[PDB]
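Take a look at this one chain, the form deposited in one PDB entry, written out in structure tokens.
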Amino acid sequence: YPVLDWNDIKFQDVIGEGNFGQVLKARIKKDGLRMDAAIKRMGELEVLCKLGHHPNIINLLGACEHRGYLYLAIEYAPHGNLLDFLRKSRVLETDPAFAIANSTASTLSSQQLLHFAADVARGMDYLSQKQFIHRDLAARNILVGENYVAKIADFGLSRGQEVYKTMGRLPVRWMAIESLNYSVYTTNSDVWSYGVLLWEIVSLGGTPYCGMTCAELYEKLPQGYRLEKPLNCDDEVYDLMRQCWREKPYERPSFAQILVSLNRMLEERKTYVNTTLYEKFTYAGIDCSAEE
């Protein structure tokens, strides 16, 4: 582990709280440089030390025991979590004069949205090769870092130790059928969750299955029910999502193959996510009561 001097840290605001600890924005000095960090004040240390160097996995900058407490200095992601970032892009909601004037539903382009999807895939490929299973992949656990690079994170909810207050049943909407029905978690179930995350990206942060209860998922998913294609989505992108949600876990693509499909889409001249406004346009719904 890299060890940080207590005196090398200037703390600022609290940016997250929980029964188990808090997260503070801070400035640290490391090696020679002064830098931003998010410091978790209270395992997690070992995991971040192994994987964090990957540019699509949130990194450990350093650790520090001071008095009773352990402090983990985590790479600061200035743009916050991807779900909120996606929703803030809904410029017809958040800046209608700009949205209408520019005939646009988002400040994010099709390519930027695909780059986020590719970033998460790249990170998941590496993580799955290192034999980790995420178990709670969703846009709320992705950070948008320096230079808009997406970083995979985990805020502790799955371990009963959340920082920042999620409705307990909310993760059901990202769970593979085999996780729902048999409590099985594998790389293949992480791929299913990934598909739901891709759907989040394309829908600019819609609540998956908005208007449906979790109970309805248990009944309908094994009947072949799946998230509908967003109106703004090319068939190719939706086909990729649908691959992620094949009933048979062993028929889902690997993260490496996901990344190859996305890069092939990124490389073409064609536009895959339509961000244009038109009459009767509507965003995928958000159900705040399913979430909070």
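Numbers for residues come from their place in the sequence shown, where the first is 1. So that the term is clear: the rigid core is the largest set of C-alpha atoms that superpose within 1.5 Å between two forms.
Below, we turn to the form deposited in another entry, even though it does not appear here.
Fix the rigid core, compare C-alpha positions between the shown form and the other one, and report which of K30, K229, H53, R242 shifts by 2 Å or more.
-> One residue passes the 2 Å cut-off, namely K30.
Would you tell me if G156 moves between the shown form and the other one by 2 Å or more at its C-alpha, with the rigid core held superposed?
-> Result for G156: yes, a 2 Å-plus shift.
When you overlay the rigid core, is the Cα of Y71 off by 2 Å or more between the shown form and the other one?
-> Yes; that C-alpha moves by at least 2 Å between the shown form and the other one.
Verify the C-alpha shift of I9 between the shown form and the other one: is it 2 Å or more after superposing the core?
-> It does, since the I9 C-alpha is displaced 2 Å or more between the shown form and the other one after the core fit.
Closer or farther: C-alpha pair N147/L48 in the other entry, relative to this form, given a change of 3 Å or more | More distant in the other entry, by 3 Å or more.
Tell me whether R140 and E17 end up closer or farther apart in the other entry, going by their C-alpha atoms; the shift is 3 Å or more.
-> Compared with the form shown here, the C-alpha atoms of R140 and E17 sit closer together in the other entry, by 3 Å or more.
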